[PDB]
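Note sheet for the following structure.
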Amino acid sequence: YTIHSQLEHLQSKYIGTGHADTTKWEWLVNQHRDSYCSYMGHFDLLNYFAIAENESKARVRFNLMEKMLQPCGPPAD
Amino acid sequence: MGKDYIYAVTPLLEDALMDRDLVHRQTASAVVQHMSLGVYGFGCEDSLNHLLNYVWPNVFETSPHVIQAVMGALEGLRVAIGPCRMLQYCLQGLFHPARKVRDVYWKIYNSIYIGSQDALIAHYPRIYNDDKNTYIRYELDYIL
Amino acid sequence: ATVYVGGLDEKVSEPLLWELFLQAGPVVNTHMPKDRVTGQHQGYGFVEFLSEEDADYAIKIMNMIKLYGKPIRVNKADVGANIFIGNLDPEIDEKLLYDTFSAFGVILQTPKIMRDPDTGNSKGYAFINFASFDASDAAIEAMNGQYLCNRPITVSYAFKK
Amino acid sequence: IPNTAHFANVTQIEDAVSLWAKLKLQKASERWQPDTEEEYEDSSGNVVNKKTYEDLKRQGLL
Amino acid sequence: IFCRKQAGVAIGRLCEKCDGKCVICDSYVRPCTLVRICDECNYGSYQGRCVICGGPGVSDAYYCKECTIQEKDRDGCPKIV
Amino acid sequence: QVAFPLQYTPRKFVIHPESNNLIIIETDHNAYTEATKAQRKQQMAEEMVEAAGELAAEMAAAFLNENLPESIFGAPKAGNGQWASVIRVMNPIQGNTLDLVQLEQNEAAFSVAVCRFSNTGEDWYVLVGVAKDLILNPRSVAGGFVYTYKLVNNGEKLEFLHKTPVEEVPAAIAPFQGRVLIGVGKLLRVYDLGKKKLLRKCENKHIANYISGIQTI
Amino acid sequence: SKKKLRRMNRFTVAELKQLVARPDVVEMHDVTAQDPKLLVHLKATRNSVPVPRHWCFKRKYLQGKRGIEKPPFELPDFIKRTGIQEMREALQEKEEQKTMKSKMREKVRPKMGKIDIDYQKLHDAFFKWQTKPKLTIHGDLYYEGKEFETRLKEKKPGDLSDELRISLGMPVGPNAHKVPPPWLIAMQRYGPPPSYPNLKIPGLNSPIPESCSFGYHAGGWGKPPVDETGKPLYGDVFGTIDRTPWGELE
Ligand SMILES: [Zn+2]
Ligand SMILES: [Zn+2]
Ligand SMILES: [Zn+2]
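Chains as they are written, first to last, in the working numbering: chain A, 1059 to 1135; chain B, -1 to 142; chain C, 8 to 168; chain D, 60 to 121; chain E, 646 to 726; chain F, 125 to 341; chain G, 3 to 252.
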């Protein structure tokens, strides 16, 4: 259970993990944020979207980082 | 240089993963761990799939050594077989009625997530959007 | 659905029994729930083909199939019950014979056709072990002189050799 | 209603019939029926289905 | 129990009892990469000690090639304090 | 390399075996077609005339007379759901655009195939998928249309034949055994030919989400 | 009690099966799960792999395998071939007979190099005759007694076995084609079974298997069942590209 002190330290360590009660909302929103961080990181899906819509890389990443805030609806209750 | 004897050895590990004892399955699991980390990248993934089929049932276990060697086998097998295959093994029991099974699957998925959280972005399922949330990812299905 | 595996062969395994059940139709149950002592086959079994006509035609087919080499019958679950049948049609087959002579009873021996051995073509006689002597009676009566394939039938109780 | 798995653990019969009702609807949906789908233009530049095409075809026009 | 307060550029060392094994994997083979520890488990009387025995720093703690394939060596000072 | 321009983003293209002749389908998001381009330009010149003060001050002529080449000056194209298209018939060996079909306002072409149905003969037809009124980050559509052109002048200009309405963005077309397979979203439907519309001889309905390719041996 | 109001949210299994788009999945305890719409969409996704059987059970994993007797492991062929097993059997019997005193005498004066087995026999087994065992593809978890479960869902008629042929009266081997089984006889006589009307019998509703024989004795095909006008019982009881791989080694 000191293992648990370390393990909810691990929950505090890695944003996106889970535990047996985790809610569909936390799960899917964390995966959605991660999806955004990687669309930004990988230099080429950025071209994919930039080219799919008719936007430009500054436009693209600005949208993405705005969306990063409430990507999957408002919260659960 | 295990890419040679992996075939010779599989039917003996499947033999000893169908029960013989706790220690029998603890040890066959350790063997799977090290085979997987050796054969990383040489294409012998069908054999490690076959042995996943036999190791994964031991997931519900209690003895510390046994469940621990099992978890080790699944990290090794994660690098060697890829994280799709193991996210698919871990899909259905994330949201299960029970709590023993919910907890083991969230333990695994945590370790699958920490290491290689960035592949999974192309491995997550398609999870439909109900009324007041948006859950589909339209980013990924722009055509071009 | 439920079929009596009669003359249920000892070593003729329930696995191939169910494989033949499938090779005929709906293999849903193949069971010969045996003696609580022996383990070997108990002479009558339940074969469920979940379609009634499926089991019916599968039974018509797997009768006279040589289970343990011996004809065993799929049906509804030696004091001289042998009948002599002459003016015999040489143009028949053995399962056709079992289905033509099995209408009034079981056939504990398929029709043994007393054919010449020089060639392999018969001279027109046979004998058939049916279930009952009243069975041989009724069948031999309905086919006394009656319409056989090419040479009209003539049947009655059989002689002993 | 057949003893297929889809109803197992549904024990009340009105539930069973409405369940198998929507199931029926879905099976008929995802069936491809050439009668209503497979469609035929007559010679006259206007279109009908397979059924009606053969209907008026073999009752003496097409 | 682990320190895990994040990594640095200070190498770790092994007593001679503990000579040879990896820090976690407990291997004896094919070590690839050197170990690094945190300043806090670097200072003072803890300079040059055995991450495992606590004995004197003489031989260099290393990382079994499996541990580097799975990058369990990118977490920092794993000192069992 | 040697580069022969276009004006809308190129999506896909197919080949003309008779004359080596290339049919490109190009189309863009976030753009007005030629028509609406000029029309809202002159219309904004009109509403511009109306300052009510010297009447005298005239800039509308200079508006309609300026044309600042978007090739350097960025493209005067905007909105959110605002699509634009073109089909172009060009020669690979030299860059002449021997024909240009320039489509409707929001009718976005996303798939192309040249085929000869065998009920008829060697009169080729070009088929084009053209979705209608799409949005991208929600998803939504109005509907698809199947543009057939008869590809005449031995294959050096298209004349329209018919545009069959259809359920979805028709994102893939494939010539297949004297007919055409068509992916329209979740459906995989097999089409044969008329000249009132296009008639469906087969359907399959089991594809998971959305059919972005068909390749057939 | 709040768990009890969520328990009144705890819908009916019919509630579920009618709601859901794919009803095969819905199981017993599905409903006591905090998010059954998810749980069911997941369990109905492609390619995913369901929880083991045995989380419900009170017995642990293979304590049910406890009872039986089991036969020792069976080596691979290409390792038997190299003849190791007989070497080891012989050495075994030797050292089980020998007595303690002689054991230590051999400890102090060894029988050095009693045996030999040549390399290139080994190296050719492991590097020249090693072969793919039978593997099971993604998903098919092993559960207790699975190897005992015989096999099912071969509704096909042509499926015959050699022991099946022998203990039914039919032939085994290359003659499993040209042998119409004793059930195709009454297939020709009164029809094939009316739940396998989508099955055609070979020599009875199908054509002659390779080099079959027409005739009415034991060993032939008899009268292919036909109408009085000549059309068979069904099908035809008588009988009336470029698959090259792209990357392949020379
Ligand atoms: Zn280590
Ligand atoms: Zn520290
Ligand atoms: Zn030490």
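The beta-carbon is built from N, C-alpha and C at its ideal position, and this holds for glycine as well.
Within the same chain, Cβ atoms closer than 7 Å to the Cβ of F/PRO299 are found at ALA237, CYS239, the five residues on either side in sequence being excluded. For chain A, the residues of the segment 121 to 138 of chain B that bring a beta carbon within less than 7 Å of one of its beta carbons are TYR122, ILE125, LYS130, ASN131, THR132, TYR133, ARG135, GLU137, in chain order. Contacts with chain B at 8 Å (Cβ-Cβ) include E/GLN715.
Looking at the DSSP output, F/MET214 shares a beta bridge with F/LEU146. Listed along chain B, no residue sits closer than 7 Å to A/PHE1101 by beta-carbon distance, the nearest being about 14 Å off. A/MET1123 sits in a helix when the DSSP states are folded into three classes. In this structure, B/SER45 lies near G/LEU137, with their beta-carbon atoms less than 8 Å apart. DSSP, read as helix, strand or coil, puts C/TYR132 in strand. Per DSSP, C/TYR64 is one residue of the alpha helix (DSSP H) stretching across 59 to 69.
Among the residues facing chain B, E/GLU661 is not included, as its CB has no counterpart in that chain under 8 Å away. At a cut-off of 8 Å between beta-carbon atoms, C/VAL54 makes no contact with chain G.
At least one C-beta of chain B is nearer than 8 Å to the C-beta of G/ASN49. The C-alpha of C/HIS38 is placed about 40 Å away from the C-alpha of C/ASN151. About 33 Å separates the Cβ atoms of G/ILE243 and G/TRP223, ruling out a contact at the 8 Å cut-off.
Counting the other Cβ atoms within 10 Å of the Cβ of F/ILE217 gives fewer than 16, which makes it exposed. Distance from B/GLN86 to G/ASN49 at the Cβ level is roughly 6 Å; contact confirmed, criterion being Cβ atoms closer than 8 Å. Using a Cβ-Cβ distance cut-off of 8 Å, the segment 286 to 306 of chain F and the segment 314 to 321 of chain F are in contact, since at least three pairs of beta carbons, one from each stretch, lie closer than that value. Between C/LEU115 and C/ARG158, the gap from beta carbon to beta carbon reaches 8 Å or more.
The DSSP-derived three-state label of F/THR288 is strand. For secondary structure counted as the alpha helix (DSSP H) over 4 or more consecutive residues, the segment 25 to 100 of chain C holds these complete runs in sequence order: 59 to 69. Chain G has a Cβ within less than 8 Å of the Cβ of D/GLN71. By the Cβ rule, the segment 62 to 77 of chain D counts as touching the segment 23 to 30 of chain G, because three or more pairs are nearer than 8 Å.
The segment 31 to 47 of chain B makes no contact with the segment 70 to 88 of chain G; the number of CB pairs closer than 8 Å stays below 3.
A direct Cα-to-Cα measurement between G/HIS140 and B/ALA78 gives close to 15 Å. A distance below 8 Å separates the beta carbons of C/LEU27 and C/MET69. With at least 16 other beta carbons inside 10 angstroms of its own, B/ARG100 counts as buried.
Pairing F/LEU227 with F/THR340 gives a Cβ-Cβ distance that is not under 8 Å.
Within its own chain, the residues whose Cβ lies closer than 7 Å to the Cβ of D/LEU78, once the five positions on either side in sequence are excluded, are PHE66, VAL69, listed in chain order. Put simply, the backbone Cα of A/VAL1118 is about 7 Å away from that of A/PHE1107. By alpha-carbon distance to C/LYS168, the top candidate from C/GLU98, C/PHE91, C/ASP141 is C/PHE91. Looking at the backbone, the Cα of A/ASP1092 and that of A/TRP1083 are separated by about 14 Å. Taking CB atoms only, G/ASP37 has a neighbour in chain A less than 8 Å away. Shown here, E/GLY689 sits in a helix according to DSSP, grouped into three states. Listed along the chain, the chain A residues whose CB falls inside 7 Å of the CB of F/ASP152 are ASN1112.
When rounded, the separation of the alpha-carbon atoms in E/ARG649 and E/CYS660 is 21 Å. Under the three-state reduction of DSSP, B/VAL7 is assigned to helix.
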